[PDB]
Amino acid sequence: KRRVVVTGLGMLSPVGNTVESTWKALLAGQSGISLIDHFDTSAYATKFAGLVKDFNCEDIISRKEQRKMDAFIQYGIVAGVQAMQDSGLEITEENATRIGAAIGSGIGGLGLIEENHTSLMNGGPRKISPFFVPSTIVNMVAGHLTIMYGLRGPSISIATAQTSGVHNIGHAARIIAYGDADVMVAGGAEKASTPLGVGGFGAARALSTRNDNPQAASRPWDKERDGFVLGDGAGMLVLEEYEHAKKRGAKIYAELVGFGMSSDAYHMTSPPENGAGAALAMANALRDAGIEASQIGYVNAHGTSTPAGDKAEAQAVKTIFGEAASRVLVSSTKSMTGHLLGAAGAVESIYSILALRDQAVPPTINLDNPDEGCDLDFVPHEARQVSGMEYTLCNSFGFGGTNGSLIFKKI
C-alpha cells in the first residue's frame, strides 16, 4: 500500500522567486500586488496585479527556445527545475520510465494567443507563428520538462481552472500510489496578467477595483471586499513513493495523506451560499486520509476575496469542523499573493507544507472588519505560531463548480 511524500519544492510568486524567499515574505505579511506596466491600463477598470518581479531564465532556457513558449510555460519550467534540483533525484535509464509529470494551468498562453491573433488580424495567417499551438497550450510545461529531464513515465495536465494546482498534485499522487509511477513533478503555472485576462475577469465583474490601494485590494472575508486580485506564478512539488525516497535518503518535507474532489452542480461562475461543494471536497479528503476534521490544525482557504465566494467557503468550514470550527486556524495567502488561478493550488500546497515544517501559519492581511456571524479564526494581520500540528488541508475551488482538497501530514 503505497504512501506518497513530498521531496522537492519550487516556486515563482508575486512575493518571491524561490520557495524560501516566498515563505519568508508571506510570514512577514508582505504583499506582492503592484500596478501593471507591461500594457496600457487606461481603459481598464483594474490596473494592478501580483506580478513576478525581475524574472530571469537565461541560465535555464535559451532565448532561442524562449521564443517557443509563453511566459506561463517559461515560469512553470523554472519552478520545475527548482523542484527537480531541490529533490536531488538523478534520472537514470532505469529511472526514466518510472518518473513523470502532472502539470497544468487555468488559461494557458494568453499572451502569445493575443500576439498571434493580433498578427493575424494585421497581416493574415502568414503572420501566425509556427509555434502558436506548442507555445500556448496547457500541457507544454509537462512537455518541456519531461524532455529536459528525460522523464518517460506518465505525463498528464489537468485544466480545472482555479482548481488545477490541487488536482494535478492529487492525481500525481494517485498515479504514484496506483503503481504507474514512482516520482511525479506536479503543480501549475499561470500568467494571465494580460489585456484578455484582466479585461476578461474584469468583464465578469470578478476583479477588485481598489486602484488607490492595490495592496489593500485582496481582503478575504473583510466587509469591504470587492472581488479577487490577479496573480502570476508557478508552484511545483516532487512527489515520491515513501520507500523509493528513503532508499535514496531524500529530504522529505511531508506526506500527502488525503485527496478529495467534489462538484457544485450549481452555477458556472459562483458557489451556493451554502458551500455544499467545498464541504464534500474537504469531507472526501478527510475520509481519504482516514482522519477527523478535529486533527486539521491549519486550512489554507481558497479565500479569493469575492463577496459570494469567501462566504460560501466559511459556511463550508463550519459545516465540516462544527465543534472545532473556532479551534482550527484558517487563512488566505491570496491576501498578499493574489489569485494564481491554475497555479493557486500548487503554491498554496507548498505553504500548507511549510506550515507543518515550521509550525507557523501565515496571516490573512487586510482583514480589518470580518463579515458578521463569523466564529472562525481567519488568522488576521499577523502570522501565528502553532504547537503540535500534524495535518494541514488545502482548498482549491473553480469555475464549473469544480472543487478539490489536499491533506498534508507532518513527516
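Quick note: we count residues from 1 along the sequence shown, nothing fancier.
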Looking only at C-alpha temperature factors in the entry, 285-293 or 157-165, the higher average sits in 285-293
Quick check on the record: does 97-105 or 320-328 carry the larger mean Cα temperature factor? 320-328
Between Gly170, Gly111, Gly275, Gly187, let me know which has the highest C-alpha B-factor in the entry? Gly275
Choose from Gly50, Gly342, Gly373, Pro363 the residue with the greatest Cα B-factor as stated in the PDB record. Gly373
Modelled-residue ranking by C-alpha temperature factor, third containing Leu89: highest
Ranked by Cα temperature factor within the chain, is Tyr75 in the lowest third, the middle third or the highest third? lowest
Taking the values exactly as deposited, rank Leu393 by C-alpha B-factor within its chain and report the matching third: lowest, middle or highest. highest
Third of the chain, ranked by Cα B-factor, where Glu348 sits: lowest
Tell me, lowest, middle or highest third: where does the Cα B factor of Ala301 rank within its chain? lowest
